[PDB]
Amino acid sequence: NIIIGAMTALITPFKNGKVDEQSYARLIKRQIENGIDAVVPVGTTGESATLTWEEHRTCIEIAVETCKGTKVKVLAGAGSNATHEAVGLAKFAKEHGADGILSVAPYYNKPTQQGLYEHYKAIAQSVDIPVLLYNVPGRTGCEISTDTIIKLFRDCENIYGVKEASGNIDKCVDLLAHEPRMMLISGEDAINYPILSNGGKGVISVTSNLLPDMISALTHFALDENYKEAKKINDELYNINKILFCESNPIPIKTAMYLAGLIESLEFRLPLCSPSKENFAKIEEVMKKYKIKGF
């Protein structure tokens, strides 16, 4: 009982300080129409930290209602540095039609490996839908060790894999060599193919917000072991994959979506803000080299 394939960490477009819910549904439809397998509402790319609870819940509802009749699954962003908050988000996502949940490792409080095990066990025991771990130590300040990830996969029936955003291909080999039954998901666009070629079964992408057809083609070429095609797209996408992180995600990707005319206003919620005027031109310069799909 898995959620795999090409997935998009959806941005959360704002307009006049409010979630633009019409653009939000429209962007998800654009993902559905270009071969995306799942959408991740209210992730790191979705500015989950500055959204209220009612906005976090609304973006989940818009994702589930848009994907009805489609196979874009909804891996609802339900992570938190407080276990009771993460259990509450997991319980909401289940009761409102989400196919699974993405649960980021607790940030700022830096739990121990024992605490991470108990944190995700409480989340996994509160629902009966798949739970995908999310490891990003550069943002959280903590690391879910390989041993902890493997234990959670084997002890909790709904925990089926991990979204790795650590730039450590050695750990990816370590995970699948010792536990080949888990679903390793790439959370780093620049190394999507190396993660997929070693046995990864999907991506949760930032670049797919701008180029969903290319991320989708890459992931599915890799899943069919057509590595000559999968690597080609991964190499061609490297420049945009790196320039989308010249500043902290999701500042560059939202700037690109605005430059592509896909969102109406380049609005962030503080402490996030607009990029520099130099980076504004660099992102626009890199975008001119790629085929950006419309609506």
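In this text, residue numbers run from 1 along the sequence as written.
Looking only at CA atoms, which has the higher mean B factor in the entry: 142-150 or 67-75? According to the entry, 67-75 carries the higher average C-alpha B-factor.
Which is higher in the entry, the mean Cα B factor of 237-245 or that of 222-230? If you average the C-alpha B-factors of 222-230 and of 237-245, the larger mean comes out for 222-230.
Tell me which of 216, 207, 83, 168 tops the list for C-alpha B factor in the record. Of the options given, 168 has the highest CA B-factor in the PDB entry.
Comparing residue 35 with the other modelled residues of its chain, is its CA B-factor in the lowest, middle or highest third? Ranked within chain, residue 35 CA B lands in the highest tercile.
Going by the CA temperature factor in the PDB record, which third of the chain does residue 178 belong to: lowest, middle or highest? Lowest third of the chain for residue 178's C-alpha B-factor.
Record-listed C-alpha B factor of residue 27: chain third: Ranked within chain, residue 27 CA B lands in the middle tercile.
Chain thirds of CA B-factor: placement of residue 194: It falls in the middle third of the chain.
Place residue 6 in the lowest, middle or highest third of its chain's C-alpha B-factors, as listed in the PDB entry. It belongs to the lowest third of the chain when residues are ordered by C-alpha B-factor.
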